[PDB]
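What follows is one chain in structure tokens, specifically the form solved without the ligand.
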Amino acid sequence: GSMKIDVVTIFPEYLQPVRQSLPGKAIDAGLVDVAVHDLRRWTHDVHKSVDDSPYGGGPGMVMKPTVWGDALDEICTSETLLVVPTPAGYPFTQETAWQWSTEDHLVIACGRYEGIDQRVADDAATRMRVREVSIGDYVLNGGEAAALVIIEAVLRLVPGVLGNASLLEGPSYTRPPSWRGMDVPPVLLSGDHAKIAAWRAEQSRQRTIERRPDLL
């Protein structure tokens, strides 16, 4: 029905267009609020340090637990579902999106792919629900783009929020009936709606075998 989403990131501008994309009707009805927070607000030092070298050595940096702990202490409540995008996560799927669409409060913690110190999520899990999730089998430098994907996939399932109303979907067609020598499949113009459904099912089957044989 209605959802608050807080996003925490060192790149708050990354989230601005998705804020601007919420229809005013949904905001005014109180169906949705998306707030973005600069993680640096919770830094302790004059240099606004958010990361530090990894224990046990090796490359990259790990985000500081003291900074994230303070940020989440402020932003989260007992009702919060804390979402942490990471290539090391459980898979985020359409089933996940449906589940999260009825939450009252998502907090999305965007960090670099080398990680937020694991104690942040471990501590947070003692007082709220935490879900570390991957949006696909690739690495991104940080969680921000994954956050945009999650926000969109979840909110388009909340009635009235984004303005929108197994086997893969097959090809779609519109006017004109002939274009650059390619005709729309004549079955779609036949007025035989049972036949059209069967044709679409076969297109779906062939496409799934070709692109996603894992689904069969």
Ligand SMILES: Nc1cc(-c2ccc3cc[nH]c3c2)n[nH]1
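Residues carry their position along the shown sequence, with the first being 1.
Beyond the structure shown, there is the form solved in complex with the ligand, which is absent from this document and is the topic of what follows.
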Is there a clash that blocks the site, or is it open, when the ligand is superposed from its pose in the deposited complex and ligand atoms are checked against a 2.4 Å limit to backbone and C-beta atoms, 3 or more counting as blocked?
-> blocked
Report yes if any heavy atom of residue 125 sits within 4.5 Å of a heavy atom of the ligand in the deposited complex; otherwise report no.
-> no
Should residue 105 be classed as touching the ligand in the deposited complex when contacts are defined as heavy atoms within 4.5 Å?
-> no
Touches the ligand in the deposited complex: residue 72 (any heavy atom, 4.5 Å) | no
Partner proximity in the deposited complex: residue 78 to the ligand, non-hydrogen atom cutoff 4.5 Å = no
In sequence order, the residues of 71-95 that place a heavy atom within 4.5 Å of the ligand in the deposited complex are 85, 86, 87
